Structure formats: structure tokens, C-alpha cells
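S.K.: Supplied in C-alpha cells, the structure appears directly below.
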Amino acid sequence: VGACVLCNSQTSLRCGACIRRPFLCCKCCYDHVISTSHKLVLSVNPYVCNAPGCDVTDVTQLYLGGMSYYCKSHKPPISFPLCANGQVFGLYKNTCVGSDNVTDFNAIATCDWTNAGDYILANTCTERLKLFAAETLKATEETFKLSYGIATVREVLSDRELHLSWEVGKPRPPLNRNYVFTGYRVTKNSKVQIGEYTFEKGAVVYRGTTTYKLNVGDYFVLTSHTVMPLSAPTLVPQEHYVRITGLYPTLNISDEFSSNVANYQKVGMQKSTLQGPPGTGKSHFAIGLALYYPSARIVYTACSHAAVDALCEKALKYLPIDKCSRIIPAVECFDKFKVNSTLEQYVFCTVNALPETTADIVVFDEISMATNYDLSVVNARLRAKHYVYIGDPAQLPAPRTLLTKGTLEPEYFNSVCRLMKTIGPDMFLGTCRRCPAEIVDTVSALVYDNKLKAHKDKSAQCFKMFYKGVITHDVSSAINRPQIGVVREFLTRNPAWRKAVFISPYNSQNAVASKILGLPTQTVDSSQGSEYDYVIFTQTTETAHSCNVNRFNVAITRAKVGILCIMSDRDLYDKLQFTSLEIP
Amino acid sequence: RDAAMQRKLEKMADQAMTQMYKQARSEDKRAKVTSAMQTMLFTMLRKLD
Amino acid sequence: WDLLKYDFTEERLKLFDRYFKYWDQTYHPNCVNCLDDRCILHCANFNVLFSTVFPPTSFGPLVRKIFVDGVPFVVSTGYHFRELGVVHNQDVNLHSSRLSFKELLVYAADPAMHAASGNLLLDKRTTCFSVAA
Ligand SMILES: [Zn+2]
Ligand SMILES: [Zn+2]
Ligand SMILES: [Zn+2]
Ligand SMILES: [Zn+2]
């Protein structure tokens, strides 16, 4: 028994063919079943023939006889079709509003999340259907993870390297950082987790969270977790205030956050979004908000543990250590604050582990990776006077494995990322401290509409090179060895660049470069939030993955001083306001 | 015929609605008692010394 | 006697050999091994006689700690009848994962947790054995 997702009318009918089984009123469920292949509807009891040994389950071919559901063949003389008169039989049939169109729900429910229009409609429907789409997408992802085959340790050559025998009849996952496995120990009659693992092509190179002496017999799977039904909206109803409500300004502020005073007062005058370009002081923004409002209790939330720990770092240099706490569910994270103190003034936790509690301000950092699922639970677990969304829509969101067709724009990353791409951001960091003048001017015109300003001058150590090379593909990545050879030739003539960090949009390209060049290697997706003095970037392809404007933003904005960019795409190479170099 | 084929189905439909009302009520009460029993066990365990 | 001792089979056999040596019919200290109803009665009579020598604190449910979801309970996994001797449960589930409605019904009914979580009682108004309040 629940509320119709389209109508809010009380109803006890839920679509049993859909993986989420959301509630649907009589008219809504009728239209949803007659328009698609979705025919299994669930009530307090299932709409399934009760005859012994019968399989008729379609909603339109059953009748209520006596106190049960029967097909036409096994029905008693006295029976009535539950599917008739433009409504489906169920509770509260008198109270029913219906909807003019169920096309959006039909599309979201019956899709497979392979088309870009699926995410577009997921982020552009009404709030309740946005929630439905988020839950359905997450459930589809978790189910798709189970379709992958189990890899078992068949041989242990050495440490940090392994041999995996894969299950027959099932596909193998793409081996990269986005697929975190989990080992299991073989016991007498059960299995025990032995930590979370990741694999890479070697023989396979494994980087597990916790080290061991793992031997033959242990196996790995992608751990799935139950997807819980969401009630709270992705965004609370926006209200703007004429004065400061429930908040009490501190009268002494240092020059560290004096630039943020105007933005701090804006937060306290409405129920707010911030777009923060790379190396601008996003944490520098957020921690001073605690200082600007010292009597306020603030919850710190983020999708991943690594980003959560980043917020814990800057609070250490500014905030009281007894007034903070790190919430950890029963990985190694920040372990200097007291653990699991919900009632403390400052709350540090991940989105998926947020406790049911209230606070004056809730700040959600690195809004880019967030999805509507993570947005809703924040509102469901936290009821706050002010909500601050801080991040950057021009940087990478969470990966969308199921998506193959089309490219995802920043407006569709989630409901928050929808806002600043149409109506603009409430606050913005217009001063970039990390990148030199060449890099910032390249990205300012690229995605920030020439609004990002340089703090550093031109470094004269930023170069670009156009080189197609040769593209080679393994099972789940791409390799461009000639581009790596160019880096090696560049390194010999410029030995000072051997302190640089190699970056590429492909894990396999990093692996080849790591052995050939000896530089530290990071993927663009994994490099968000980090800053390096020198970086060498190989695009390695001209695909949409490597040519993504958000990805090209993150890759080249990791440089403190200088960067070298070897381009395969002419478009991004011409957009680089860099010093062009010739191929040797 | 047809009027005696109709007004005797409104009784069975009403009976079906009441019966599945009752079954839903029972299924909610079951969840309530399950939660009560489990929380009682968990709160009396915490005195165990 | 030791407080933790609950199996007095050897003492029962010792007493039977001491006083009823030439009683031809066989004697089963634990009535779980008896052959039928008549043998159950026959051995329960001797257990009735022999159970008046052993301390009263050793008769009752035999409780045992089990782990579920990482949380330890203290649950009953047997019994020590004055008449029927020692009986052990066959379907004891150690290191379980979830408790269904049946298991929640079972664990909420036995006196194990209720007695183990309560405080000690000494009631001077009655001669009957008092376990807990
Ligand atoms: Zn409806
Ligand atoms: Zn459906
Ligand atoms: Zn049938
Ligand atoms: Zn016997």
C-alpha cells in the first residue's frame, strides 16, 4: 500500500514486471500495462492464476473468482475481469485521478539505459519520475554487475600479480579502476569476504585495498548492494530570504575567507549552488563557512570516501578537533576525528552512510560525481535550514557503464548539475590559483564561458603536439605506443620533465607508459582532485571518451607549473592556447 | 437475465475488496510485530555484561 | 560439585552398579537411547531415584552462545531433565545470518535471554527455587 508515483493517489498496485515495482494508481497502471510488454502487476497478492499447474500471468487475461485469480480456462462460472473499464482492479478504486500521458514513465520503465535520451528524460521529467529513474538506473546497474563472470585465482606467480580463470558462459568485466572487485575465501560450507580488489592487465596486476598471501581457490566478483526506495526529492523547494534566518554571523573574519564573505551571506539568505573550477579553493570555500558561522552545525557529505577525507583535511588546519566527527560504516579513511558521533557539531560522512539527523547547513562537495540517487538520500537523511551544493559541472561525473549511445552533457549529470547549466550558479570561484595562464585561458573559453580568471602568469612551459600515432586495442582499452615514444624522445631532450606524472584517458596506455617511461601514471577520471607540478598527456585516440570536453578539462588542469599535451584530435589541439612543438 | 447476471457480481466484488483489505491489514501487523520482537531482543542483549 | 557440571551419567551408572547390581534389565542413563515407551518408563524410574543426589542448579536448559551477523546471543540448545537425563538439540544453528519470523518466535520464547539479562533474586517467602527477577 502506497502512493501513485504519477498521481499521489493512494494505491496498492505495483508493476511486477519493472525491477523497482513502483506504485501505480488504477488508471496509471492500466495505461502502463496496455501500452508496453509490462503485464505482471503486483497487489497485496500477485495477479497470477491460482489454478494448479497454470502459468497465465498477463494482467488482461485473468478474472476474480471466489477469492482468487484464475485464467479463463480455470475460472468458475461467476468471475469478473480485473482488467476492464479503463482501470485495473485494486484498492481504493473510487479514489483515482489518472494521467493524460504515461509515455515518459513507459519510456523510463521499459528502457535499458543504453541511449542518451534515457538519461535526458531521467533528468528532465518531474521530481517523482526523476526519483523513479534514479532507482531504476541503480538497480539496472547492480543487476548488470551480476551478469559478469567470476574470476578465480588459478595461479600466484608473485606479489601484486595474479592469474585469473574466468567463469564460462558469462562476460568478463572491463578491467580498470571503475570495477572494484572483492575476494572471497573458500571455507568448509560458506564464504567470507577478504577485502575489495581491482585488476589490471599484466597475468593480471591486482591492487587490493588490504594485502594478503592470497592463493589458489579464492575468487573475485563485483559486489552488489540492495537499492533502497527513495522518497525525498533531489532538490528541496527553493526559498529565498530577505534577511539571515537562523544564523548568527561572526564579527571577526580573517583575510583567508574575506573574499568569500559575500558568498557566505548568500548561503544564509536562501535554502544554494556553487560551481568551482579546478584549483580554485573549493575546500577553501567550504571550511570558512564553518568559521563564518561558528555556532552552526554543519554536515559534510560526499559520494566517495576519498572526497570525504579531503574535507576532513582542511577542517584539521582550521576547525576544532573535538567539535568534529568522522562517520564510518561497519576501506581506510580519515581516522583522526572521533568515529560515529552523529550529534557532534561538525559531521563528516559519505552520502551512502548519512545518519538520520538535522543540521543548520549541509554542504555537498564535488557535486559533479553526484547522481539523483545520492541527491535524494541526502534530503531523506538530512533536514537542514540551508543546503550548499559545491562542485563543478564542467568536470567528470560518475561513470555510466550502461550508457553506450550518445554523450552525456553536464546538464543531465543530476538535478543539481541541471541548474547552473541553464539558470547559472548562485556562487562561483572566478580565480584559479593552480593552473598557469596558458591552461586556464584554454579551459576558460572551453567550458566556463571566459569567466575563469588566472592568478598565475604564463609559465612558458606549456606545450602541445599533434601526433596521430598508431592506435591498438586490447579487450577493454586502447594503446598508442607511438605517442608514448614521442614522450620518451621528449624526455631525453628535456630530462627535467621526468618529475612529471603521465596521464591518459586509458588504463592500458598508462600501463605501457609506466614501464617504458617510468613516470607515475594516473587516469583522467582518477586524477580529479589532485594537483601535480608537471604532467604529460596523451589523448591516445579521437573517440568521444578522449575528446570529452569535461575530461579534457580535468586532464590538463592538473598542472601546477607546466604540461605537455600530445593530441590526436585536431579540434582540441587547436583549442589549446599552447606552444606548438614539431614531431622529431 | 442480464440484470440478474450483474447485481449478483457486485456482492462478490465487494467481498473481494474487503477480504484483500483484511489481508493487507494482517500483513502490516505482521511487520509491526516482527520489528517489535527484534528490537526487544536487541535491547535486552545490551545488558548482558 | 562443580557449578558448570551438567552431565552426571557416570555417577548414575556408578549408583546403579552399587545398589541394583543384579537387576537383569538394562539401564539407559539418558532416555534418548531407550527402545520404546516401556523402556522409557523403566529408565525414568531409576533416573527419578538417582536425581535426588545431584545439585538442583544443574537441572534446566543448557544454554550456549551463538553468533549471528556478528552479534552474540545466549540461547538454549538442550535440556537436563531430572527424569529424562540430557537431551541435545539436533538443529542448533551456529554462525547464522538472519532470523526469520519462525526463528524470532523461537528465540523470544525461551527463558535464556530473559533470565541471563535480569538480575539475581533471593526470595525468602518461598522454598521453591528462584532464578531471576
Ligand atoms: Zn496515477
Ligand atoms: Zn512497469
Ligand atoms: Zn489457469
Ligand atoms: Zn531405557
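In the C-alpha cells, chains take letters A, B, ... by order of appearance, with residues numbered from 1 within each chain and ligands from 1 in the order shown.
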With a distance threshold of 7 Å and counting only C-alpha atoms, extract the residues of chain B near chain C and express them as a list in words.
M.R.: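 Selected residues: residues 34, 37, 38, 44, 45, 47 and 48 of chain B.
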S.K.: Would you list which chain A residues are within 10 Å of chain B using only C-alpha atoms, as an MDAnalysis selection string?
M.R.: chainID A and resid 1 12 43:45 64:68 78:80 82 89:93
S.K.: Go through the chains and note each residue within 7 Å of ligand 4, using only C-alpha atoms and all ligand atoms, then give the set as a list in words.
M.R.: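 Checking only C-alpha atoms and all ligand atoms against ligand 4 at 7 Å gives residues 27, 28, 31, 33, 34, 35, 39, 40, 42 and 43 of chain C.
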S.K.: Ligand 1: which residues are within 6 Å, counting only C-alpha atoms and all ligand atoms, as a list in words?
M.R.: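 The distance check yields residues 4, 6, 7, 24, 25, 27, 28, 98 and 99 of chain A.
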S.K.: Considering only C-alpha atoms, state which residue in the set A:524, A:513, A:359, A:262 is at the smallest distance from residue 545 of chain A.
M.R.: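 Answer, going by the shortest atom-to-atom distance: A:524.
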S.K.: Which residues sit within 8 Å of ligand 3, counting only C-alpha atoms and all ligand atoms, listed as a ChimeraX atom specification?
M.R.: /A:49-56,70-75
